[PDB]
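Chains, contacts and geometry: an overview
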Amino acid sequence: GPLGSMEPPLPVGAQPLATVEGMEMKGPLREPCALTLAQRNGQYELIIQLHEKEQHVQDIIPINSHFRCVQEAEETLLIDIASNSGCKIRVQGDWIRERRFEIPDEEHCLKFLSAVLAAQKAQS
């Protein structure tokens, strides 16, 4: 019913815990995107989707020490929700040097931040 006529863009094995629409900002320019948290193989992983004109690029960014989500701060992994209402976060790790992301949808931001925060909180 809720599923589309064709397999979803996200991995089949992946279990999208939460899905939200955000915007990826980069020094030279920005580009609309979407942040989706999913659990695969009993592990937590964050998938970043870019609304690229060509095709939705699938970026697999596993959640762990290498992956960090800082909410408008140098390193505020413990707290992220406190800064609701248009939340801006930054991701840095082996997969990517540094990229910015934002979610203007507060209601959606709560689920995204809560799910992602819980994932990192549980790991560390």
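Quick word on the overall build of the protein
Each helix and strand counted, the protein has one helix and seven strands in total. Order of helices (α) and strands (β) in the protein, N terminus to C terminus: β-β-β-β-β-β-β-α. Expected size for 124 residues packed as a compact globule is a radius of gyration near 14 Å; at 14 Å, the protein falls within 12% of this value. If you line up the protein on its principal axes, its C-alpha atoms span 40 × 35 × 30 Å. Across the 124 residues in the protein, those meeting the buried criterion constitute 38%. Within the protein, contacts between residues at least 6 apart in sequence are counted, and of these 42% link residues at least 24 apart. Taken as two groups, the 12 positive and 18 negative side-chain charges of the protein have centres that lie 3 Å from each other.

Re the environment of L77
For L77, the location among the structural elements is in the loop between β5 (68-71) and β6 (87-92). Non-local contacts of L77, meaning those with residues more than four positions away in its chain, are made with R68, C69, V70 and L117.

Overview of the sheet that holds strand β1 (residues 15-26)
A sheet is described by the order of its strands in space; here seven strands give the open sequence β4-β3-β2-β1-β7-β6-β5, paired in antiparallel fashion. If you trace the sheet from one side to the other, it starts and ends with β4 (57-62) and β5, each paired once. Neighbour-to-neighbour, the strand axes of this sheet turn through a mean angle of 35°, independent of strand direction. Relative to strand β7 (residues 99-103), β1 runs antiparallel, the two being bridged by three bridges. Each bridged residue has a counterpart across the sheet, and for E24 the counterpart in β7 is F101. On top of the sheet, helix α1 (residues 106-123) reaches β1, β2 (29-40), β3 (43-50), β5, β6 and β7; it is set at about 105° to β1, its chief contact.

Structural notes on unusual backbone geometry
One non-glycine residue, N41, lies in the positive phi region at around 60°. Judged by relative accessible area, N41 falls into the exposed class, the value being 74%. One non-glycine residue, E72, adopts positive backbone phi at about 35°. Inspection of the secondary structure assignment puts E72 in the loop between β5 and β6.

What about the pattern of salt bridges?
Tallied over the full model, the rule gives eight salt bridges. Of the charged contacts, one joins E24 and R99 as a salt bridge, the two residues approaching to 3.4 Å between their closest N and O atoms. In this pair, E24 is assigned in strand β1 and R99 in strand β7, connecting sequence segments 75 residues apart. Note on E24: relative accessible area 0%, which makes it buried. Overall, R99 belongs to the buried group, its relative accessible area being 12%. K26 is paired through a salt bridge with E31; the nearest N and O atoms lie 3.2 Å apart. Judged by its relative accessible area of 32%, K26 falls in the partly exposed class. When its relative accessible area of 15% is taken as the criterion, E31 is described as buried. Because the salt bridges share partners, they merge into one network encompassing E24, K26, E31, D59 and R99.

The rules behind these values
- Residues numbered from 1 in each chain as written, not as in the entry; some residues may be left out.
- Heavy atoms only, no water.
- Helix = DSSP H or I, 4+ residues; strand = E, 2+ residues; numbered from the N terminus.
- Rg over C-alpha atoms; globule rule 2.2 N^0.38 Å.
- Buried < 20%, exposed > 50% of the residue type's maximum accessible area, 1.4 Å probe, protein only.
- Contact = heavy atoms within 4.5 Å.
- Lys, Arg positive; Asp, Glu negative; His and termini not counted.
- Charge placed at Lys NZ, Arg CZ, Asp CG, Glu CD.
- Pairing = 2+ DSSP bridges.
- Axes fitted to C-alpha atoms, helices over the stretch in contact; angles between N-to-C directions.
- Salt bridge = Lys/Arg side-chain N within 4 Å of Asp/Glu carboxyl O.

Keep in mind that these numbers describe shape and distance, not what the molecule does.
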